[PDB]
Amino acid sequence: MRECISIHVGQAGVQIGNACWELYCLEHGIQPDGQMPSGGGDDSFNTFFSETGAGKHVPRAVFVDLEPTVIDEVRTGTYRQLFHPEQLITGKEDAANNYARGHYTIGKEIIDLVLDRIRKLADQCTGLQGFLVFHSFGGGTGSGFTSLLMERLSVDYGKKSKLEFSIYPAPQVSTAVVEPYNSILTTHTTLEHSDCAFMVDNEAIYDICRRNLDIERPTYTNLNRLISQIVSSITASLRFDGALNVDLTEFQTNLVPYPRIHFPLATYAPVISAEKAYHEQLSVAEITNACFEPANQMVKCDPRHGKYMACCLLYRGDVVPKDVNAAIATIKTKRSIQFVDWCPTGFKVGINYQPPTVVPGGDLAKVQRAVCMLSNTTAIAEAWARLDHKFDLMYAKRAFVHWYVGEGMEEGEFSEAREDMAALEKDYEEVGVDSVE
Amino acid sequence: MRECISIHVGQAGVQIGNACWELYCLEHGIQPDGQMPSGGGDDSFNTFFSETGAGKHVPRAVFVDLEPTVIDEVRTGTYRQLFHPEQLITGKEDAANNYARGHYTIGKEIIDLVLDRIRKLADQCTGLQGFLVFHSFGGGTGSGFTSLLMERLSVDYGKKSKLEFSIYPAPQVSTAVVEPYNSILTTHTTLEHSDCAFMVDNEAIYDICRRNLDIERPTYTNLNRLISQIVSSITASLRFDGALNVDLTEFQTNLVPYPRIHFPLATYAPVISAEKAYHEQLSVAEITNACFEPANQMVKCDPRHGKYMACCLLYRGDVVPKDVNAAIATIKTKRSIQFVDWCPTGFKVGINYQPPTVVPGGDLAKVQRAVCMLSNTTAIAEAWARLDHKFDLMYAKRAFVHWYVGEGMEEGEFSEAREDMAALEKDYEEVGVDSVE
Amino acid sequence: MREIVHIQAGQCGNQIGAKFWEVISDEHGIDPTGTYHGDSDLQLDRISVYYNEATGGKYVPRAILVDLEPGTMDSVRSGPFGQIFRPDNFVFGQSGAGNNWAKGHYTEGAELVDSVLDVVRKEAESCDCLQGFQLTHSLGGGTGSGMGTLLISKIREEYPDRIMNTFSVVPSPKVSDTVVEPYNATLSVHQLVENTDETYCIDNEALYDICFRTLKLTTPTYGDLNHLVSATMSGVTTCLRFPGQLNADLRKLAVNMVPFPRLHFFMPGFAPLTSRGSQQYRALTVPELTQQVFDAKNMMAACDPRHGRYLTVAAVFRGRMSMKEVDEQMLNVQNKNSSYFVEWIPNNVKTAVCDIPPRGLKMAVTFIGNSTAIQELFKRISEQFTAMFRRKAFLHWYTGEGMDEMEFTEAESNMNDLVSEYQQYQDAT
Amino acid sequence: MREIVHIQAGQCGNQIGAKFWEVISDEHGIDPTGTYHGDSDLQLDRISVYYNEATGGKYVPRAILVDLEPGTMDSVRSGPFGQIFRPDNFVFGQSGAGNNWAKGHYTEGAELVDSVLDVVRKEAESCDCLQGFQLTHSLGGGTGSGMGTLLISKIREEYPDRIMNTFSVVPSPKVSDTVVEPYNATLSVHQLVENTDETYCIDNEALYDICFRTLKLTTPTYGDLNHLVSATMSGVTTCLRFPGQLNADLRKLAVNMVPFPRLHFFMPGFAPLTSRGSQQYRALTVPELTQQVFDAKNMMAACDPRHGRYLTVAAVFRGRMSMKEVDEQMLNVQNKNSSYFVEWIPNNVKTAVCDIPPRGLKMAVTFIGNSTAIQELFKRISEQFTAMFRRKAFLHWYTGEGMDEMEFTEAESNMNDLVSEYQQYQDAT
Ligand SMILES: Nc1nc2c(ncn2[C@@H]2O[C@H](COP(=O)(O)OP(=O)(O)OP(=O)(O)O)[C@@H](O)[C@H]2O)c(=O)[nH]1
Ligand SMILES: Nc1nc2c(ncn2[C@@H]2O[C@H](COP(=O)(O)OP(=O)(O)OP(=O)(O)O)[C@@H](O)[C@H]2O)c(=O)[nH]1
Ligand SMILES: Nc1nc2c(ncn2[C@@H]2O[C@H](COP(=O)(O)OP(=O)(O)O)[C@@H](O)[C@H]2O)c(=O)[nH]1
Ligand SMILES: Nc1nc2c(ncn2[C@@H]2O[C@H](COP(=O)(O)OP(=O)(O)O)[C@@H](O)[C@H]2O)c(=O)[nH]1
Ligand SMILES: [Mg+2]
Ligand SMILES: [Mg+2]
């Protein structure tokens, strides 16, 4: 009845996709073989999976990477039987952290096959809600190929929703020197074609894991588990029934005030260790307050440095409307948090009955209540100011431009991307100013 | 695979050749009959010896002398079966210590046969690296026929290396009155055709034997044993495998800066008696320090009277590259040992695994370490000054010119040779000048 | 998938390549006969990167052995792993190069380069996907320098698109294995700077020191030095050979590392390198590894990193290692050593992580650094070159083999340009 | 190979040749019958130098016996070593020369010279490779002087290339066995100086003093004197006959001995020459022998070398000795006697060594000194010649046999030139 397509690009995209499909299989009871060993779960299952007459269930997934090693890891993992063998599409050589390479030279061979398989996936859908995209700005394959794929999908499908779950470059640390160039170019291309992209920060999730879950040396797995929890909370309204159901089109309509300002911040609560879960009640007011602290944001950006303009909360489990209504009135009433005056109603509420499922061996405590908070706010203007400063420092001396020029792009594209990002931050500070009357 | 043709001219050359082929037979395990009674020793063996299908091994040697007595000593000695009977070339009458007689009259009769045998050996040689010539300047046969043979071999095989092992005329001791005439004429003819001539001095080796080996009755058997040790240390890189292999072409490239400055000074350490060998350690540092002392040089020339311009150290046995590296750094740091400023890297290093073999009944001690040091240095400019002064003293009154004129050469040859040696001495004092600006 | 063609020129390159293939076959569980006897399936998964699967399960290396003299190649063929190579790949000339760059490049090079390029071509067509090459050689030698320059130029002529990697053994201030090391070194870098994409500068004195200070080895032969160099090689090329939690292929390394097309000369390193006694006392941790690799005394080039500033740094981690404590320790390094990092690169670190450690060690790290302290090394080599060239001390040997003095002057001019290009970013603000 | 043709002329030459062949056959182990009974193979290895191998193992000496009177050759043929020679080589006339150089040279020479030259030619063609000749003769005699000069001239005509030695028993200051000795000696050296290559001057008085002072012989007959001269012959000609560490042939001796073509007159010597008793007290060493030959009283010519200077010196050692001490003793000699060596010759000594010693002695050395002190002897002979020629005391005997007085004056003028040449280099600086 309502369907979504999840495209996983680059090492980050595919690894987060592995964690995500592990979580969906655990929630719907699908075995890694693909068979259901087992009433309300059937329609919830049908959204993200294509059923076959033999009883096997195939994910509505397209895994793409120009290097074969990570996808071969998937093809050797426990979920090898789950995925369609063809839909794991592999290129022959890596993008080498080069937006130019991934977008122009290497991506152009395999984009046609990727678009053909996305067309085949879309053909078997009754009503396609939209596309889910997973990648990282820093990666060359992720940046270039998600830019190319986003423009091609915007040309082809158009009106249907297109949601990204991108890994924003961390403020202090970075695993790649050319991250500013790759990030600036991909968000330059993404601004026109996207609908709503949800930022994620590795440093922020490390800080969350240390601070709350009381672990000390976390790894990508736990990070991808948290991101999987985010997308599961986001999609549970589509899959499971609920008191207040929310769709991706309504996510666009609520979270996006203007066409270019469509970058909310992910957040989950209650993130809490099993050891400390006993002492705390974890009621609706407690988790709702935990959502809005600066400490538990998954992007290293203090919301106190800016103002919210669109908050959207997705409660799941044993939750009543009056508790959330009182909590949201309280959070609106507080003076620490601040909202733009031109948005009197800055809260979107969604509720559903299914509580989250803890994966085996996970660090998250079992809880009968959970909430996922997505906030469009001006605090990301500071992060893009930092990223623009980094890009300016690199590009003033032409720090790495010859690698990009070799793979077929001009310096005019670099200047145009920087100009577009200047325009973006001017728009952010523009909307951040109060009304004249 | 890689071959070297040994040539032995005059009494000094052939006697040293007897000692040298004795040492090679002892090292490779070849019996004096030519048969090997016996893995890594095979190729090592193939360099200097020619295989025969019956299992006998023939030296790649040409023994030449214009008198038959010494070569008949070879043909009656224990190694009579070893050598090719045809290669042992004997002239009818001696050169009478006369360069003119040995070069022109008696030389022209037998040079064709000598070159024919050398051509046949080279035709057999699969990969020829060069020629090893042994002679003495004082001898008439040696000096004259070596000059004739050197010019002929330069004309024929001028591409390949040519290495002379000449016995320098000693400063104080002597065995001939016309020795300065012979040495000046043969150096004049040899300066153009030689690639590099290693120097040996009977007086220096006498002093070495008396001081270090404590041998109060040193024979020319002992001197030829030491010279055999020198050449075996030089050629062990070609024969045996090693950590750092020095070939003749790189001996030439490292040691010879300019075409006319190609006269290094031989040296071996440890030279030590077996009686005193038990007390001293004989480490890499000690042997390296012993190499650079003035007393242990095989040429009576104080290196402190000049400056080193190219040193080449050939370690053999239980030797560590860190040990030799620290020793060479120490020797570079010392200021009593001086080097030309225009040669910042004055050291060539070669290492190989095979230790030296002590001959039965020898005077040297068995040692697990040995080093052969070869130094091109400006101290021998003093020695050429001495030899030129002696030549001036004799030729100012035409002391013995009538013999050379009778045997077919002009006084223009004497004058031209003196002028060439004056130019050589000038070149040496010129390159001894420190750089300015 | 993602193959590499390996070449080893000169005695130095041949011995290092031999020890590299010992290390690779050891960690992949391949016997010297070429038969597989390892335990992990991941060894077979990426064995095609370096090996070709011959009939009967025999794995031949994708190696090419070049040397104008026979001795090192015969030693390799007689060695325990001499059986593993293809006999046809043993391409070798009839007379050595001496230590003459001119002899290695022009005189014998014109003879042997045809045969070696046929071998390179047959290997390259045997590969379905060709990633970059990997040459081992010494700059100071005649054979290694000349053959490496000619091979590098021709391989870049015929394969312009593919990456080129070289592992070069450079001279030091306090050592000299040959007299003409400045001439050979200078001509080699002049030819390499435009052609190669990455050049890793190993120094013999630095490895000797490392063995003395950290490993406490009393008698380190060249085997231990080649062991360390092979350790760095296996470290850098691990991402193509095993699964990893943050992969980094060598094209990624080149793109991260070469800001400008000529500044591609790097400084390698490795950790842990403790002696037998010290591992009991020390507790191997990511902070310890980071401080060890960022220690100057650990570096395998004699130049001090503190004299210059840093451009780009690469830490390829190996073993089960956390991806947060690496990042925090790189943050502590950047905060403590900010004065040693150029400000116009805001983040200098390229992190990579691989799950499978080497030799059964629990943890390991391979360090690459593009520090500007290599300008001191190039200054030293150019100074020695000018000191000899003022007198033309050894030039007639090079001129006999055909080349002109104008080539020497052009190489000196290009080295001066390179040192100025390194100094201008030190002066930049 | 390297054959020598020996001639003996005069009673003196014949007797010295007889003793010389006795010594040669003794140390080669050949019986007087000519059959070899020696023990060493080295004796037979070089027996061709002096002997022809006749059928049945009989060794015929390559000797030519000449005398115009038959008495001394009949004595030689009747002696124990009469059978050893070939009968055909005994060539003689029926009338002696008395003591007339004119009679020996012109009258009887014109008859006998043809026969002896066909004999010399028959021996010369048998040689595989003919080295130089040797002659024994007396300058004071008529037959020896005249026939020796005639053979020297004609053999130089026929064989100009070959070396040619002579051993002349020169006249003495005090003892004189012939009144016309000045005339005979002067004409003899006038002919010899143009033609010969080496001449060694023996002095019977010097032999008598050597015998009395060193050997202490109370009754030294001519046998002992000829024994010493034969010892010197065997010493100088040893390098062709036996193996040695330094071989010095006769042409080598000529090249080392003769600076200018006319100064070829040498003073020989020998050591050891100790008595019967003194052998027990004296420990024979190379220093002792070197000091003995360089002692003036040991010299076999009456001239004191201290009165002159040494142009060149040669020492042929026999036996076994380390040559370090030969060289150092020669240098101590040169340093102590630096006044007695001419400056314009930088080094005057020509060393040679042979393995096999003579007559079972452990050691021996033979000395040859070309020194300017021989000018004193030539001055004495020229003074006696002028004293007689002023009165023309005995010129009618020489004029009767054909020659003119112009010859006598020419010989005197050539002697004056010779002594002037000898004094010129003493005066040179
Ligand atoms: N949360 C999370 N982040 C990841 C994961 N894998 C990679 N990343 C992030 O991705 C960034 C680097 O870009 P990559 O995604 O690895 O590169 P790529 O998308 O595979 O594209 P290539 O450059 O061709 O490798 C790093 O800064 C990581 O933070 C993952 O599994 N989980
Ligand atoms: N070290 C050493 N030197 C020798 C030996 N034999 C001869 N000499 C040297 O040779 C010099 C004399 O010249 P020779 O080489 O003997 O003469 P030649 O080369 O045979 O030429 P001719 O004399 O004409 O036959 C002497 O000064 C010796 O130093 C030897 O066996 N060992
Ligand atoms: N690390 C290492 N360096 C070596 C080895 N063998 C030689 N070298 C170096 O190589 C240099 C000699 O140059 P080389 O390549 O042998 O000369 P070529 O024969 O012309 O190739 C010396 O400076 C040595 O330091 C080795 O096994 N390991
Ligand atoms: N050494 C030596 N000298 C001799 C001998 N016999 C004679 N003389 C010398 O020879 C000189 C005589 O000359 P001689 O040759 O006999 O006259 P000839 O008859 O014309 O040949 C005398 O002065 C003797 O001193 C001898 O047996 N030995
Ligand atoms: Mg990737
Ligand atoms: Mg000789």
# chains A, B, ... in the order shown; residues from 1 in each chain; ligands from 1

call {"tool": "residues_near_ligand", "arguments": {"ligand": "ligand 3", "cutoff": "7 Å", "atoms": "only C-alpha atoms and all ligand atoms", "output": "JSON, numbers by chain"}}
result
{"B": [243, 244], "C": [9, 10, 11, 12, 13, 15, 16, 97, 98, 99, 137, 138, 140, 141, 142, 143, 144, 145, 169, 171, 176, 177, 178, 204, 222, 223, 225, 226]}

call {"tool": "select_by_dssp", "arguments": {"residues": "stretch 242-375 of chain D", "states": "helix (DSSP H, G or I)", "output": "ChimeraX atom specification"}}
result
/D:250-257,278-281,286-294,296-298,305-307,323-336,338-340,374-375

call {"tool": "atom_distance", "arguments": {"atom1": "atom CA of residue C:354", "atom2": "atom CA of residue C:124"}}
result
27.0 Å

call {"tool": "residues_near_ligand", "arguments": {"ligand": "ligand 5", "cutoff": "9 Å", "atoms": "only C-alpha atoms and all ligand atoms", "output": "number ranges by chain"}}
result
A: 9-12, 65-70, 94-97, 139-142; C: 246-249

call {"tool": "atom_distance", "arguments": {"atom1": "atom 14 (P, counted along the ligand's line) of ligand 4", "atom2": "atom CA of residue D:366"}}
result
25.5 Å

call {"tool": "residues_around", "arguments": {"residues": "stretch 57-64 of chain D", "least_positions_apart": "6", "cutoff": "8 Å", "atoms": "only C-alpha atoms", "output": "number ranges by chain"}}
result
D: 4-8, 33-36, 50-51, 84-86, 89-91, 116, 119-120, 123

call {"tool": "residues_around", "arguments": {"residues": "residue B:238", "least_positions_apart": "6", "cutoff": "10 Å", "atoms": "only C-alpha atoms", "output": "PyMOL selection string"}}
result
(chain B and resi 2-4+43-44+47-48+129+232+245-248+352) or (chain C and resi 69+71)

call {"tool": "interface_residues", "arguments": {"of": "chain B", "to": "chain D", "cutoff": "9 Å", "atoms": "only C-alpha atoms", "output": "ChimeraX atom specification"}}
result
/B:11,67-70,73,92-98,172-178,202-203,206,216-220,390-391,393-403

call {"tool": "atom_distance", "arguments": {"atom1": "atom CA of residue B:155", "atom2": "atom CA of residue B:192"}}
result
11.3 Å

call {"tool": "residues_around", "arguments": {"residues": "residue A:153", "least_positions_apart": "2", "cutoff": "10 Å", "atoms": "only C-alpha atoms", "output": "count of residues only"}}
result
17
